[PDB]
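The chain below stands alone and is given as structure tokens, in the form deposited in one PDB entry.
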């Protein structure tokens, strides 16, 4: 039951996410360092990116260009999360409208949790591990673009202190997506039931994987609550950008995610 449950989730996680925390940590211990405008330019000229630069919206400025690259990665991680979720039998058993509801309100929490895997206190990996953008450079962007980034590093460094591996994260992320609290859900009892099974699997798994860790399971439950507050603040900053940065393009999928959030 729960052992094979977890194992199926773990394989779904390995199957659908290109960058795993294992791969990321090895690199973070070399990548081209982006820390100013010149190295950013060189990086765009020199590094392979998943989305091609001319494919981005028309250029406006440096801070906005960075934002577009963040937005590109966000949308790509949504696609991965969707296929990850669909690789879970109980998720695909849900009516398609409930699937969309869970992803809509779940993906950003899952993204910011997984983000910690490619983050340290000095910056984060970009371009599939080919580059490393410094936290200080991201801090130097003009508001509101620098403001929307720093809160994630703060969460990330604290989160990495728990020292989860990929197998723990697969269950953690599954639990975030299969959440019975999401607005507009049709079959709440069914999602609550799946959520409960995942959380049992998570505890079972952590007992085995981290036998000497103390209070880790309730600590992770608190991280789930923390991520909700993080995403609320994020959505508020995105609404601010929408209203005060009219020249900045917003990806339509992300726009569909944000119109009913406060």
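Residue numbers count along the first chain shown, from 1. Basically, rigid core = biggest C-alpha set you can superpose within 1.5 Å across the two forms. Residues that one form lacks are left out of the comparison.
Colleague: Would you say residue 50 is commonly dropped, meaning unmodelled in a third or more of the other compared entries that have residues on each side of it?
Modeller: Yes, a third or more of the compared structures omit it.
Colleague: Does the entry skip any residues of the deposited sequence between residue 29 and residue 30, and if so, is it 1 to 3, 4 to 9, or 10 or more, or none at all?
Modeller: Missing in between: 4 to 9 residues.
Colleague: May I ask you to compare 253-261 and 4-12 by their mean CA B factor in the entry and name the higher one?
Modeller: Higher mean C-alpha B-factor in the PDB entry: 253-261.
Colleague: Going by the B-factors listed in the PDB entry, is the mean over the C-alpha atoms higher for 130-138 or for 171-179?
Modeller: The recorded data point to 130-138.
Colleague: Choose from 184, 89, 123, 106 the residue with the greatest Cα B-factor as stated in the PDB record.
Modeller: Reading the PDB entry, the winner on C-alpha B-factor is 89.
Colleague: Name the one of 80, 98, 165, 192 with the greatest CA B-factor according to the PDB entry.
Modeller: Top of the list by C-alpha B-factor: 165.
Colleague: Where does residue 238 sit by CA temperature factor within its chain: lowest, middle or highest third?
Modeller: According to the entry, residue 238 has a C-alpha B-factor in the chain's lowest third.
Colleague: Using the B-factors in the PDB entry, rank residue 37's C-alpha atom against the chain and give the third, lowest, middle or highest.
Modeller: Middle third of the chain for residue 37's C-alpha B-factor.
Colleague: Quick one: classify residue 54 as lowest, middle or highest third of the chain based on its Cα B-factor.
Modeller: Highest third.
Colleague: Sorting the chain's modelled residues by C-alpha B-factor, tell me whether residue 69 ends up in the lowest, middle or highest third.
Modeller: Bottom third by C-alpha B-factor.
Colleague: If you rank the chain by CA B-factor, which third does residue 216 end up in: lowest, middle or highest?
Modeller: Highest third - that is where residue 216 ends up once the chain's C-alpha B-factors are sorted.
Another form exists, deposited in another entry; not displayed. Remarks below refer to it.
Colleague: With the two forms superposed on the core, which of 225, 37, 208, 52 shows a CA shift of 2 angstroms or more between the shown form and the other one?
Modeller: Meeting the 2 Å or more criterion is only 52.
Colleague: So the Cα-Cα distance between residue 36 and residue 55 shifts by 3 Å or more in the other form; is it shorter or longer than what we see here?
Modeller: Residues converge in the other form, at least 3 Å closer.
Colleague: Do residue 142 and residue 57 have their C-alpha atoms closer or farther apart in the other form than here, with the shift being 3 angstroms or more?
Modeller: Residues converge in the other form, at least 3 Å closer.
Colleague: Kindly list the runs, ordered along the sequence, of 3+ consecutive residues whose C-alpha shifts are all 2 Å or more between the shown form and the other one once the two forms are aligned on their core.
Modeller: Core-superposed, the runs shifting 2 Å or more come out as 48-59, 213-215.
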